[PDB]
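In case you want the letters, here they are:
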Amino acid sequence: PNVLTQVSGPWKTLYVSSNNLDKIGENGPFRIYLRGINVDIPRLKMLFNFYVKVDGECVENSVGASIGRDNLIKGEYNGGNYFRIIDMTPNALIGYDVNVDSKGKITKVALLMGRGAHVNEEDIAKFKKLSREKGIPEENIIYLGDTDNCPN
């Protein structure tokens, strides 16, 4: 699956959206600042490396996930996650997560992640498009590109 091969490496979070504003808001567990992704293609495993602000404090994460059939990435972090890469350019990355907590609540999360700068404005459209498709309100879109004050 072309996309899954090429994704390994550094990433920066540009935009996130969610059906649940609390989740990606200040102190939300999905206010995620990506650092990088590692694909272990033989072992069918992925590693997401990123920071969340936890009580104003930068906390590094390294979350393991498995690549299943039809490329659904599943991994534990703040509950169960069912993750998919929607699209990849060499500059960009669009992800869609479905999160489920212990009480079974469902949080949809869309992410635009960048490789560096000079971000394709067209990419933004594809992102908002996706966000719309998955029933996320346009007001629930947040730009994180300029608040990444965590290490590295």
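Residues numbered from 1 in each chain as written, not as in the entry; some residues may be left out. Heavy atoms only, no water.

Structure determination for this PDB entry was carried out by X-ray crystallography, with a resolution of 2.6000 Å recorded in the header.

### Points about the packing of aromatic side chains
Summed over the entire model, instances satisfying the criterion amount to five aromatic pairs. A centroid spacing of 6.0 Å and a plane angle of 35° characterise the contact between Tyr15 and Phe127, whose relative ring orientation is tilted. Of this pair, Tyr15 sits in strand β2 (residues 12-18) while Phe127 sits in helix α3 (residues 121-133); the two residues are 112 residues apart in sequence, bridging distant segments of the chain. You can call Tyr15 buried: its relative accessible area is 17%. Ring geometry for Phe50 versus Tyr77: centroids 5.3 Å apart, planes at 90°, classification edge-to-face. Pair noted here: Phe50 is in strand β4 (residues 45-53) and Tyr77 is in the loop between β6 (73-76) and β7 (80-88), with a separation of 27 residues, a long-range link. Here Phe50 matches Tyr77 in class, with each residue buried. A connected cluster of aromatic rings, assembled from ring pairs, spans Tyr15, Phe127 and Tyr143. Directly above the aromatic system of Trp11 lies the positively charged group of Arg115, at a separation of 4.0 Å from the ring centroid. (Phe/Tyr/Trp six-rings, centres within 6.5 Å; stacked < 30°, edge-to-face > 60°. Helix = DSSP H or I, 4+ residues; strand = E, 2+ residues; numbered from the N terminus. Buried < 20%, exposed > 50% of the residue type's maximum accessible area, 1.4 Å probe, protein only. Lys NZ or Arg CZ within 6 Å of the ring centre and 35° of its normal.)

### Things to note about empty space enclosed by the protein
With the rule as written, the count across this model stands at one cavity of 30 Å³ or more. There is about 290 Å³ of room inside the largest cavity. Considering the residues around the largest cavity, the lining is formed by 19 residues, among which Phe30, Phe48, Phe50, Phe83 and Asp97 are closest to the centre. Broken down by secondary-structure element, the contributors of at least two residues to the lining of the largest cavity are β3 (32-40), β4, β5 (58-67), β6, β7 and β9 (106-114). The residue makeup of the lining of the largest cavity, split by class, is 14 nonpolar, three polar and two charged. (1 Å grid on protein atoms, 1.4 Å probe; cavity = no way out; pocket = protein on both sides within 12 Å on 5 of 7 lines; lining within 4 Å. Points joined across faces, edges and corners; volume = space filled by probe spheres on them. Nonpolar A, V, L, I, M, F, W, Y, C, P; charged D, E, K, R; others polar.)

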